[PDB]
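Asks: Data file query-v1.pdb (PDB, C-alpha atoms) is appended below.
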```pdb
ATOM      1  CA  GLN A   2      59.409-134.531  48.750
ATOM      2  CA  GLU A   3      58.075-131.326  50.282
ATOM      3  CA  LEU A   4      54.980-130.123  48.435
ATOM      4  CA  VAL A   5      55.292-126.496  49.608
ATOM      5  CA  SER A   6      57.411-124.427  51.996
ATOM      6  CA  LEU A   7      55.840-123.178  55.239
ATOM      7  CA  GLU A   8      57.567-120.631  57.467
ATOM      8  CA  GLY A   9      56.332-122.214  60.681
ATOM      9  CA  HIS A  10      56.188-120.469  64.045
ATOM     10  CA  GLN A  11      58.594-118.868  66.504
ATOM     11  CA  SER A  12      57.707-121.595  69.028
ATOM     12  CA  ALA A  13      56.797-125.265  69.255
ATOM     13  CA  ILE A  14      53.931-126.529  67.094
ATOM     14  CA  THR A  15      51.280-127.717  69.549
ATOM     15  CA  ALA A  16      48.234-128.232  67.305
ATOM     16  CA  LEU A  17      47.483-128.870  63.649
ATOM     17  CA  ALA A  18      44.357-128.927  61.500
ATOM     18  CA  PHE A  19      43.857-129.554  57.795
ATOM     19  CA  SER A  20      40.680-129.106  55.743
ATOM     20  CA  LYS A  21      40.284-128.664  51.968
ATOM     21  CA  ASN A  22      43.491-126.840  50.887
ATOM     22  CA  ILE A  23      44.033-124.835  54.097
ATOM     23  CA  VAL A  24      46.293-125.791  57.013
ATOM     24  CA  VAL A  25      45.891-124.218  60.461
ATOM     25  CA  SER A  26      48.791-124.522  62.913
ATOM     26  CA  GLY A  27      48.973-123.534  66.575
ATOM     27  CA  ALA A  28      52.055-122.933  68.694
ATOM     28  CA  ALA A  29      53.091-122.745  72.342
ATOM     29  CA  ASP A  30      53.373-118.933  72.227
ATOM     30  CA  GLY A  31      49.641-118.617  71.494
ATOM     31  CA  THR A  32      50.028-117.858  67.789
ATOM     32  CA  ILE A  33      47.806-119.390  65.106
ATOM     33  CA  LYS A  34      48.715-119.372  61.409
ATOM     34  CA  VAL A  35      46.582-120.087  58.333
ATOM     35  CA  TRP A  36      48.361-121.472  55.265
ATOM     36  CA  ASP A  37      47.385-122.014  51.639
ATOM     37  CA  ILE A  38      48.657-125.510  50.858
ATOM     38  CA  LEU A  39      48.479-124.917  47.090
ATOM     39  CA  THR A  40      51.002-122.046  47.159
ATOM     40  CA  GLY A  41      52.677-122.347  50.574
ATOM     41  CA  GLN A  42      51.779-118.730  51.350
ATOM     42  CA  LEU A  43      50.701-117.653  54.821
ATOM     43  CA  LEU A  44      47.068-116.582  54.495
ATOM     44  CA  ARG A  45      46.802-114.716  57.799
ATOM     45  CA  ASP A  46      48.126-114.431  61.328
ATOM     46  CA  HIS A  47      45.164-115.149  63.582
ATOM     47  CA  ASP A  48      44.719-113.046  66.712
ATOM     48  CA  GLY A  49      45.775-116.177  68.589
ATOM     49  CA  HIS A  50      45.345-116.854  72.277
ATOM     50  CA  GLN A  51      46.997-115.280  75.305
ATOM     51  CA  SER A  52      48.471-118.722  76.037
ATOM     52  CA  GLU A  53      49.712-121.885  74.328
ATOM     53  CA  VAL A  54      47.053-123.227  71.987
ATOM     54  CA  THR A  55      46.516-126.872  72.910
ATOM     55  CA  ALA A  56      43.863-128.065  70.449
ATOM     56  CA  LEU A  57      42.543-127.276  66.975
ATOM     57  CA  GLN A  58      39.510-128.436  65.013
ATOM     58  CA  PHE A  59      38.780-127.353  61.441
ATOM     59  CA  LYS A  60      35.578-128.216  59.588
ATOM     60  CA  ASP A  61      33.439-126.446  56.956
ATOM     61  CA  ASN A  62      35.238-123.078  57.075
ATOM     62  CA  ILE A  63      34.969-123.043  60.897
ATOM     63  CA  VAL A  64      37.922-123.406  63.285
ATOM     64  CA  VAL A  65      37.697-124.169  67.003
ATOM     65  CA  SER A  66      40.857-123.490  69.015
ATOM     66  CA  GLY A  67      41.616-124.026  72.690
ATOM     67  CA  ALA A  68      44.383-122.671  74.877
ATOM     68  CA  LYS A  69      46.131-123.431  78.157
ATOM     69  CA  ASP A  70      44.347-120.452  79.752
ATOM     70  CA  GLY A  71      41.011-122.228  79.250
ATOM     71  CA  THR A  72      39.758-120.163  76.310
ATOM     72  CA  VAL A  73      37.827-121.800  73.475
ATOM     73  CA  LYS A  74      37.314-119.729  70.328
ATOM     74  CA  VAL A  75      35.139-120.337  67.264
ATOM     75  CA  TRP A  76      36.169-118.356  64.197
ATOM     76  CA  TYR A  77      35.820-118.138  60.417
ATOM     77  CA  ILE A  78      38.777-119.465  58.425
ATOM     78  CA  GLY A  79      38.576-116.771  55.761
ATOM     79  CA  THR A  80      38.865-113.765  58.079
ATOM     80  CA  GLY A  81      39.962-115.087  61.482
ATOM     81  CA  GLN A  82      36.976-113.258  62.981
ATOM     82  CA  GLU A  83      35.178-114.791  65.938
ATOM     83  CA  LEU A  84      31.779-116.184  64.991
ATOM     84  CA  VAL A  85      30.581-116.699  68.561
ATOM     85  CA  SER A  86      31.765-116.365  72.160
ATOM     86  CA  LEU A  87      32.282-119.332  74.490
ATOM     87  CA  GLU A  88      32.852-119.046  78.229
ATOM     88  CA  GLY A  89      35.496-121.766  78.200
ATOM     89  CA  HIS A  90      36.872-123.470  81.288
ATOM     90  CA  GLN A  91      38.670-122.318  84.429
ATOM     91  CA  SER A  92      41.437-124.793  83.555
ATOM     92  CA  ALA A  93      43.681-125.528  80.593
ATOM     93  CA  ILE A  94      42.028-127.003  77.513
ATOM     94  CA  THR A  95      43.315-130.537  77.015
ATOM     95  CA  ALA A  96      40.997-131.951  74.334
ATOM     96  CA  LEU A  97      38.687-130.630  71.618
ATOM     97  CA  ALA A  98      36.128-132.392  69.441
ATOM     98  CA  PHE A  99      33.983-130.825  66.717
ATOM     99  CA  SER A 100      31.107-132.679  65.050
ATOM    100  CA  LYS A 101      28.132-131.183  63.177
ATOM    101  CA  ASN A 102      27.375-127.881  64.993
ATOM    102  CA  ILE A 103      28.553-129.174  68.393
ATOM    103  CA  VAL A 104      31.895-128.504  70.100
ATOM    104  CA  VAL A 105      32.990-130.652  73.055
ATOM    105  CA  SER A 106      35.933-129.422  75.139
ATOM    106  CA  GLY A 107      37.885-131.108  77.912
ATOM    107  CA  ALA A 108      40.010-129.477  80.578
ATOM    108  CA  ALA A 109      42.806-130.308  83.000
ATOM    109  CA  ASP A 110      40.370-130.094  85.933
ATOM    110  CA  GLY A 111      38.294-132.904  84.399
ATOM    111  CA  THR A 112      35.359-130.754  83.289
ATOM    112  CA  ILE A 113      33.698-131.428  79.935
ATOM    113  CA  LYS A 114      31.549-128.797  78.221
ATOM    114  CA  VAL A 115      29.268-129.086  75.185
ATOM    115  CA  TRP A 116      28.821-125.950  73.074
ATOM    116  CA  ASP A 117      26.499-124.918  70.258
ATOM    117  CA  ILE A 118      28.585-123.114  67.628
ATOM    118  CA  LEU A 119      25.498-121.359  66.257
ATOM    119  CA  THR A 120      24.741-119.410  69.446
ATOM    120  CA  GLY A 121      27.698-120.117  71.736
ATOM    121  CA  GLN A 122      25.311-121.321  74.438
ATOM    122  CA  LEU A 123      26.534-123.932  76.908
ATOM    123  CA  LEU A 124      24.382-126.957  76.079
ATOM    124  CA  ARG A 125      25.800-129.429  78.614
ATOM    125  CA  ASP A 126      28.153-128.854  81.541
ATOM    126  CA  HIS A 127      29.545-131.180  84.203
ATOM    127  CA  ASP A 128      32.730-131.834  86.159
ATOM    128  CA  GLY A 129      33.183-135.001  84.074
ATOM    129  CA  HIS A 130      36.176-136.977  85.328
ATOM    130  CA  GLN A 131      37.610-134.743  88.083
ATOM    131  CA  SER A 132      40.893-135.748  86.435
ATOM    132  CA  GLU A 133      42.688-134.238  83.448
ATOM    133  CA  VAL A 134      40.881-135.182  80.238
ATOM    134  CA  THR A 135      43.574-136.743  78.061
ATOM    135  CA  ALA A 136      41.529-137.792  75.012
ATOM    136  CA  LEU A 137      38.155-136.930  73.473
ATOM    137  CA  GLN A 138      36.189-138.718  70.753
ATOM    138  CA  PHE A 139      32.882-137.325  69.487
ATOM    139  CA  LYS A 140      30.849-139.106  66.817
ATOM    140  CA  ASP A 141      27.091-139.483  66.250
ATOM    141  CA  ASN A 142      25.967-137.721  69.451
ATOM    142  CA  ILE A 143      28.277-139.918  71.576
ATOM    143  CA  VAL A 144      31.207-138.465  73.537
ATOM    144  CA  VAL A 145      33.982-140.791  74.715
ATOM    145  CA  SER A 146      36.555-139.298  77.079
ATOM    146  CA  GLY A 147      39.615-140.498  78.946
ATOM    147  CA  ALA A 148      41.360-139.058  81.970
ATOM    148  CA  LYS A 149      44.603-139.311  83.923
ATOM    149  CA  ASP A 150      42.947-141.433  86.632
ATOM    150  CA  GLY A 151      42.302-144.208  84.095
ATOM    151  CA  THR A 152      38.552-143.717  83.690
ATOM    152  CA  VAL A 153      36.800-143.972  80.326
ATOM    153  CA  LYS A 154      33.345-142.397  80.108
ATOM    154  CA  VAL A 155      30.620-142.462  77.448
ATOM    155  CA  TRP A 156      27.958-139.742  77.170
ATOM    156  CA  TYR A 157      24.961-139.446  74.878
ATOM    157  CA  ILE A 158      24.431-135.845  73.743
ATOM    158  CA  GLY A 159      20.883-134.831  72.845
TER     159      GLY A 159
ATOM    160  CA  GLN B   2      22.961-138.924  79.260
ATOM    161  CA  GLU B   3      25.861-141.054  80.512
ATOM    162  CA  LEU B   4      25.402-144.094  78.271
ATOM    163  CA  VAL B   5      27.529-146.855  79.811
ATOM    164  CA  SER B   6      30.085-147.366  82.589
ATOM    165  CA  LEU B   7      33.553-148.657  81.703
ATOM    166  CA  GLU B   8      36.034-150.096  84.194
ATOM    167  CA  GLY B   9      38.854-148.188  82.512
ATOM    168  CA  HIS B  10      42.529-148.866  83.128
ATOM    169  CA  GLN B  11      44.720-148.998  86.223
ATOM    170  CA  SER B  12      46.930-146.238  84.756
ATOM    171  CA  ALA B  13      46.389-142.949  82.948
ATOM    172  CA  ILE B  14      44.554-142.938  79.625
ATOM    173  CA  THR B  15      46.940-141.846  76.876
ATOM    174  CA  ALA B  16      44.993-142.546  73.670
ATOM    175  CA  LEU B  17      41.382-143.020  72.585
ATOM    176  CA  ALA B  18      39.754-144.262  69.395
ATOM    177  CA  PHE B  19      36.108-144.712  68.471
ATOM    178  CA  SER B  20      34.596-146.402  65.411
ATOM    179  CA  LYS B  21      31.056-147.764  64.953
ATOM    180  CA  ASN B  22      30.047-148.892  68.484
ATOM    181  CA  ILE B  23      33.517-149.961  69.669
ATOM    182  CA  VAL B  24      35.925-147.904  71.791
ATOM    183  CA  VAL B  25      39.652-148.658  72.004
ATOM    184  CA  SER B  26      41.575-147.193  74.942
ATOM    185  CA  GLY B  27      45.299-147.146  75.618
ATOM    186  CA  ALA B  28      47.039-146.435  78.895
ATOM    187  CA  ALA B  29      50.433-145.401  80.242
ATOM    188  CA  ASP B  30      51.225-148.982  81.319
ATOM    189  CA  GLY B  31      50.968-150.224  77.723
ATOM    190  CA  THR B  32      47.558-151.854  78.120
ATOM    191  CA  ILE B  33      44.969-151.576  75.348
ATOM    192  CA  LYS B  34      41.308-152.367  76.020
ATOM    193  CA  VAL B  35      38.431-152.792  73.558
ATOM    194  CA  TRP B  36      34.940-151.821  74.723
ATOM    195  CA  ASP B  37      31.432-152.321  73.358
ATOM    196  CA  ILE B  38      29.546-149.018  73.485
ATOM    197  CA  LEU B  39      26.186-150.815  73.596
ATOM    198  CA  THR B  40      26.590-153.447  76.312
ATOM    199  CA  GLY B  41      29.393-151.603  78.101
ATOM    200  CA  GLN B  42      31.354-154.830  78.541
ATOM    201  CA  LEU B  43      35.083-155.263  78.023
ATOM    202  CA  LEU B  44      35.468-157.049  74.692
ATOM    203  CA  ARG B  45      39.131-157.996  75.120
ATOM    204  CA  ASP B  46      42.455-157.079  76.683
ATOM    205  CA  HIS B  47      44.755-156.553  73.713
ATOM    206  CA  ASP B  48      48.363-157.719  73.949
ATOM    207  CA  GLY B  49      49.269-154.034  74.148
ATOM    208  CA  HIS B  50      52.817-152.758  73.942
ATOM    209  CA  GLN B  51      55.721-153.193  76.342
ATOM    210  CA  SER B  52      55.789-149.367  76.511
ATOM    211  CA  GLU B  53      53.220-146.631  77.040
ATOM    212  CA  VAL B  54      50.866-146.448  74.068
ATOM    213  CA  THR B  55      51.064-142.910  72.710
ATOM    214  CA  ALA B  56      48.670-142.902  69.738
ATOM    215  CA  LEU B  57      45.624-144.788  68.465
ATOM    216  CA  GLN B  58      43.873-144.898  65.088
ATOM    217  CA  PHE B  59      40.759-147.011  64.517
ATOM    218  CA  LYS B  60      39.055-147.212  61.126
ATOM    219  CA  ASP B  61      37.232-149.914  59.130
ATOM    220  CA  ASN B  62      37.830-152.674  61.720
ATOM    221  CA  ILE B  63      41.589-151.892  61.714
ATOM    222  CA  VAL B  64      43.402-150.427  64.728
ATOM    223  CA  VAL B  65      46.853-148.822  64.538
ATOM    224  CA  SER B  66      48.620-148.336  67.880
ATOM    225  CA  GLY B  67      51.958-146.678  68.614
ATOM    226  CA  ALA B  68      54.070-146.788  71.780
ATOM    227  CA  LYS B  69      57.025-145.059  73.412
ATOM    228  CA  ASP B  70      59.411-147.893  72.490
ATOM    229  CA  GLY B  71      58.801-146.986  68.830
ATOM    230  CA  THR B  72      56.556-149.917  67.907
ATOM    231  CA  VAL B  73      53.617-149.444  65.537
ATOM    232  CA  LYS B  74      51.108-152.304  65.380
ATOM    233  CA  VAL B  75      48.259-152.944  62.926
ATOM    234  CA  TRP B  76      45.609-155.362  64.157
ATOM    235  CA  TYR B  77      42.014-156.506  63.680
ATOM    236  CA  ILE B  78      39.443-155.093  66.097
ATOM    237  CA  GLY B  79      37.397-158.281  66.452
ATOM    238  CA  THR B  80      40.239-160.615  67.426
ATOM    239  CA  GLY B  81      43.131-158.342  68.392
ATOM    240  CA  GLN B  82      45.394-160.362  66.091
ATOM    241  CA  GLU B  83      48.117-158.517  64.215
ATOM    242  CA  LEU B  84      47.468-158.438  60.488
ATOM    243  CA  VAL B  85      50.867-157.216  59.243
ATOM    244  CA  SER B  86      54.270-156.287  60.701
ATOM    245  CA  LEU B  87      55.723-152.760  60.820
ATOM    246  CA  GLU B  88      59.383-152.319  61.733
ATOM    247  CA  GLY B  89      58.510-149.040  63.454
ATOM    248  CA  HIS B  90      60.774-146.248  64.652
ATOM    249  CA  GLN B  91      63.956-146.098  66.713
ATOM    250  CA  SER B  92      62.476-143.471  69.072
ATOM    251  CA  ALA B  93      59.111-142.847  70.712
ATOM    252  CA  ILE B  94      55.994-142.714  68.555
ATOM    253  CA  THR B  95      54.502-139.239  68.905
ATOM    254  CA  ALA B  96      51.880-138.990  66.135
ATOM    255  CA  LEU B  97      49.784-141.385  64.049
ATOM    256  CA  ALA B  98      47.625-140.733  60.988
ATOM    257  CA  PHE B  99      45.462-143.301  59.199
ATOM    258  CA  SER B 100      43.867-142.544  55.818
ATOM    259  CA  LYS B 101      42.585-145.245  53.455
ATOM    260  CA  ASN B 102      45.185-148.036  53.572
ATOM    261  CA  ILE B 103      48.135-145.788  54.517
ATOM    262  CA  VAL B 104      49.530-145.142  58.002
ATOM    263  CA  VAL B 105      51.837-142.188  58.684
ATOM    264  CA  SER B 106      53.848-142.258  61.914
ATOM    265  CA  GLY B 107      55.999-139.555  63.476
ATOM    266  CA  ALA B 108      58.609-140.104  66.162
ATOM    267  CA  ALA B 109      60.516-138.183  68.821
ATOM    268  CA  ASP B 110      63.639-138.240  66.616
ATOM    269  CA  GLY B 111      61.719-136.316  63.944
ATOM    270  CA  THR B 112      61.402-139.202  61.481
ATOM    271  CA  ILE B 113      58.223-139.587  59.430
ATOM    272  CA  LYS B 114      57.445-143.047  58.055
ATOM    273  CA  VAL B 115      54.714-144.069  55.605
ATOM    274  CA  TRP B 116      53.339-147.617  55.740
ATOM    275  CA  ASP B 117      51.097-149.838  53.639
ATOM    276  CA  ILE B 118      48.769-151.692  56.018
ATOM    277  CA  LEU B 119      48.115-154.375  53.400
ATOM    278  CA  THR B 120      51.753-155.518  53.200
ATOM    279  CA  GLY B 121      53.507-153.775  56.093
ATOM    280  CA  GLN B 122      55.989-152.354  53.586
ATOM    281  CA  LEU B 123      57.718-149.053  54.324
ATOM    282  CA  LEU B 124      56.522-146.894  51.427
ATOM    283  CA  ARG B 125      58.338-143.657  52.328
ATOM    284  CA  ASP B 126      60.997-142.829  54.924
ATOM    285  CA  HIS B 127      61.756-139.118  55.315
ATOM    286  CA  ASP B 128      64.192-137.618  57.792
ATOM    287  CA  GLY B 129      61.381-135.158  58.518
ATOM    288  CA  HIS B 130      62.232-132.628  61.215
ATOM    289  CA  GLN B 131      65.228-131.776  63.392
ATOM    290  CA  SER B 132      63.016-132.166  66.482
ATOM    291  CA  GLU B 133      60.152-134.283  67.783
ATOM    292  CA  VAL B 134      57.104-134.574  65.520
ATOM    293  CA  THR B 135      54.184-133.190  67.522
ATOM    294  CA  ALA B 136      51.305-133.301  65.024
ATOM    295  CA  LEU B 137      50.229-135.132  61.874
ATOM    296  CA  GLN B 138      47.388-134.544  59.416
ATOM    297  CA  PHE B 139      46.876-136.945  56.509
ATOM    298  CA  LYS B 140      44.263-136.324  53.819
ATOM    299  CA  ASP B 141      44.167-137.115  50.083
ATOM    300  CA  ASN B 142      47.795-138.293  49.853
ATOM    301  CA  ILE B 143      48.966-135.079  51.563
ATOM    302  CA  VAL B 144      50.770-135.185  54.915
ATOM    303  CA  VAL B 145      51.158-132.107  57.122
ATOM    304  CA  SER B 146      53.568-132.452  60.043
ATOM    305  CA  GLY B 147      54.592-130.149  62.861
ATOM    306  CA  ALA B 148      57.606-130.274  65.135
ATOM    307  CA  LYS B 149      58.764-128.929  68.489
ATOM    308  CA  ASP B 150      61.180-126.523  66.773
ATOM    309  CA  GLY B 151      58.238-124.720  65.141
ATOM    310  CA  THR B 152      58.563-126.245  61.671
ATOM    311  CA  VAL B 153      55.544-127.183  59.554
ATOM    312  CA  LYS B 154      56.105-129.332  56.468
ATOM    313  CA  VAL B 155      53.819-130.547  53.677
ATOM    314  CA  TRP B 156      54.522-133.854  51.925
ATOM    315  CA  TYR B 157      53.009-135.247  48.757
ATOM    316  CA  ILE B 158      52.769-139.040  48.719
TER     317      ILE B 158
END
```
Represent the structure contained in this file as structure tokens.

Replies:
Amino acid sequence: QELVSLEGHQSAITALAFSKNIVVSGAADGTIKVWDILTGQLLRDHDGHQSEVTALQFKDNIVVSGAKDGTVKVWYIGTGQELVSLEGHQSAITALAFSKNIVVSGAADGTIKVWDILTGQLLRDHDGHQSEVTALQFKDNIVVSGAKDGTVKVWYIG
Amino acid sequence: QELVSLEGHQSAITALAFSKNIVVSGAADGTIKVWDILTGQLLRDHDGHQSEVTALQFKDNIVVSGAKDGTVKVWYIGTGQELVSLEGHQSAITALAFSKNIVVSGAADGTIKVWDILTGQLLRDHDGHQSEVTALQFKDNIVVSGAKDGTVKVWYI
């Protein structure tokens, strides 16, 4: 049944993203791999993160990846090169959402940050839930987030 | 900027889904709540699962929810009533993917199951991975799965 053969990682798969004919996979050792789904070949080994990558988003040749060390990176699928620099969080990334040119990230300390992928500038910043963000949904300038304390919050982004 | 205020759940949020102006939330106690983004009111308390809900998919008025007891449920957003029956998995649901009228579910035993939401029929039933399925991507009849042993597989369906 297997369409192609992928080598996988030397550690647990923690994040997955799929756009056009390219698969991006992240693992608990910080590694990120880019695969061609038409041939099964490994396109490139990304620089990865210094920590387990916890979230991936992949849209229009642009990948956003987050790690347990709080880093959020925005890079070009074709080269793995960083397009822009984000400050990230001082806590592990627990949720990522990517819609239009906006990245929303959630962290274990409850903070939620809104980034512009064009410039990397922090558009919106707050402490959010003050409880680990467990789920993020971002659609049509509306962010819906959930936390470990049971709260569900809705933010308009504009 | 903060649109509405939602009561939330009495336990930790484990899954979120958002379609049109409706939010579906699932919690560690098995409860599933349906919210109206506009008014901010609680639309209904779904029957939920007898286990912690681990995954949520919400698309075209149809919600697919999975739980740690291995149950996958397909129900209508407006009423909460189950439309069809899925026999589910024998271990915990760990990943859900919903594209067109197909649901792909991955479990802690590594099994990957493919369901038709119109009939509830099990379309495909792979052994999948030798470890827990940790990620699923489903697009254009192509399934990409990842597992805790580091494997990544691509399935045509």

Asks: Calculate how many Å separate CA of residue 129 in chain B from CA of residue 144 in chain B, rounding to one decimal.

Replies: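 Pair CA of residue 129 in chain B / CA of residue 144 in chain B returns 11.2 Å.
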
Asks: Would you translate the PyMOL selection byres ((chain B and resi 23) around 9) into the concrete set of residues it matches in this file, as a list in words?

Replies: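 With the shown file as input, the PyMOL selection byres ((chain B and resi 23) around 9) matches residues 18, 19, 20, 21, 22, 24, 25, 35, 36, 37, 38, 39, 44 and 78 of chain B.
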
Asks: Kindly determine which residues of chain B lie within 9 Å of chain A, considering only C-alpha atoms, and give the answer as a VMD selection string.

Replies: chain B and resid 2 to 21 24 26 28 38 127 134 to 140 143 145 to 158

Asks: Mind giving me the straight-line distance from CA of residue 66 in chain B to CA of residue 115 in chain B in Å, one decimal?

Replies: 14.4 Å

Asks: Once the PyMOL selection byres ((chain A and resi 76-93) around 6) has been evaluated on this model, what residues remain selected, and can you format them as JSON, numbers by chain?

Replies: {"A": [47, 62, 63, 64, 69, 70, 71, 72, 73, 75, 94, 108, 109, 110, 121]}

Asks: To one decimal place, how far is CA of residue 87 in chain B from CA of residue 73 in chain B in Å?

Replies: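 Separating CA of residue 87 in chain B from CA of residue 73 in chain B is a distance of 6.1 Å.
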
Asks: Expand the PyMOL selection byres ((chain B and resi 106) around 12) into the individual residues it matches in the shown file, reporting them as a PyMOL selection string.

Replies: chain B and resi 55-58+65-68+71-74+87-100+103-105+107-117+123-127+129+133-139+144-146

Asks: Can you work out which one of A:129, A:103, A:33, A:52 has the shortest atom-to-atom distance to residue 115 in chain A, counting all atoms listed in the file?

Replies: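 Closest to residue 115 in chain A of all the choices is A:103.
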
Asks: Emit range 109-121 of chain A of the structure in the block as a file comprising N, CA, C and O atoms, as a PDB file, in the first residue's frame.

Replies:
```pdb
ATOM      1  N   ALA A 109       4.013  26.689  26.665  1.00  0.00           N
ATOM      2  CA  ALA A 109       3.663  25.986  27.891  1.00  0.00           C
ATOM      3  C   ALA A 109       3.385  26.931  29.051  1.00  0.00           C
ATOM      4  O   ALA A 109       2.688  26.544  29.994  1.00  0.00           O
ATOM      5  N   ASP A 110       3.912  28.155  29.012  1.00  0.00           N
ATOM      6  CA  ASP A 110       3.614  29.140  30.043  1.00  0.00           C
ATOM      7  C   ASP A 110       2.305  29.881  29.799  1.00  0.00           C
ATOM      8  O   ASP A 110       1.983  30.800  30.558  1.00  0.00           O
ATOM      9  N   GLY A 111       1.559  29.524  28.754  1.00  0.00           N
ATOM     10  CA  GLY A 111       0.292  30.153  28.463  1.00  0.00           C
ATOM     11  C   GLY A 111       0.351  31.335  27.519  1.00  0.00           C
ATOM     12  O   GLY A 111      -0.706  31.795  27.065  1.00  0.00           O
ATOM     13  N   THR A 112       1.540  31.841  27.206  1.00  0.00           N
ATOM     14  CA  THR A 112       1.643  33.004  26.338  1.00  0.00           C
ATOM     15  C   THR A 112       1.247  32.654  24.907  1.00  0.00           C
ATOM     16  O   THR A 112       1.426  31.525  24.442  1.00  0.00           O
ATOM     17  N   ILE A 113       0.696  33.642  24.209  1.00  0.00           N
ATOM     18  CA  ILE A 113       0.319  33.509  22.809  1.00  0.00           C
ATOM     19  C   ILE A 113       0.842  34.725  22.060  1.00  0.00           C
ATOM     20  O   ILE A 113       0.575  35.866  22.455  1.00  0.00           O
ATOM     21  N   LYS A 114       1.596  34.482  20.990  1.00  0.00           N
ATOM     22  CA  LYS A 114       2.254  35.539  20.237  1.00  0.00           C
ATOM     23  C   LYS A 114       1.849  35.473  18.771  1.00  0.00           C
ATOM     24  O   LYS A 114       1.712  34.388  18.198  1.00  0.00           O
ATOM     25  N   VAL A 115       1.656  36.646  18.175  1.00  0.00           N
ATOM     26  CA  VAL A 115       1.199  36.788  16.798  1.00  0.00           C
ATOM     27  C   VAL A 115       2.316  37.447  16.000  1.00  0.00           C
ATOM     28  O   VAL A 115       2.740  38.565  16.323  1.00  0.00           O
ATOM     29  N   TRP A 116       2.797  36.756  14.968  1.00  0.00           N
ATOM     30  CA  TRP A 116       3.956  37.196  14.204  1.00  0.00           C
ATOM     31  C   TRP A 116       3.577  37.502  12.761  1.00  0.00           C
ATOM     32  O   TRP A 116       2.702  36.857  12.176  1.00  0.00           O
ATOM     33  N   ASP A 117       4.262  38.490  12.194  1.00  0.00           N
ATOM     34  CA  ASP A 117       4.196  38.787  10.770  1.00  0.00           C
ATOM     35  C   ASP A 117       5.378  38.107  10.089  1.00  0.00           C
ATOM     36  O   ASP A 117       6.533  38.442  10.370  1.00  0.00           O
ATOM     37  N   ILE A 118       5.092  37.151   9.199  1.00  0.00           N
ATOM     38  CA  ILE A 118       6.159  36.418   8.521  1.00  0.00           C
ATOM     39  C   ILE A 118       6.912  37.261   7.506  1.00  0.00           C
ATOM     40  O   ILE A 118       7.993  36.859   7.063  1.00  0.00           O
ATOM     41  N   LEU A 119       6.367  38.413   7.114  1.00  0.00           N
ATOM     42  CA  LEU A 119       7.069  39.268   6.166  1.00  0.00           C
ATOM     43  C   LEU A 119       8.261  39.948   6.825  1.00  0.00           C
ATOM     44  O   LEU A 119       9.353  39.997   6.250  1.00  0.00           O
ATOM     45  N   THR A 120       8.068  40.469   8.038  1.00  0.00           N
ATOM     46  CA  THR A 120       9.094  41.229   8.735  1.00  0.00           C
ATOM     47  C   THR A 120       9.606  40.556   9.997  1.00  0.00           C
ATOM     48  O   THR A 120      10.669  40.943  10.491  1.00  0.00           O
ATOM     49  N   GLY A 121       8.897  39.558  10.519  1.00  0.00           N
ATOM     50  CA  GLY A 121       9.258  38.952  11.781  1.00  0.00           C
ATOM     51  C   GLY A 121       8.845  39.741  12.999  1.00  0.00           C
ATOM     52  O   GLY A 121       9.124  39.306  14.124  1.00  0.00           O
TER      53      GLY A 121
END
```
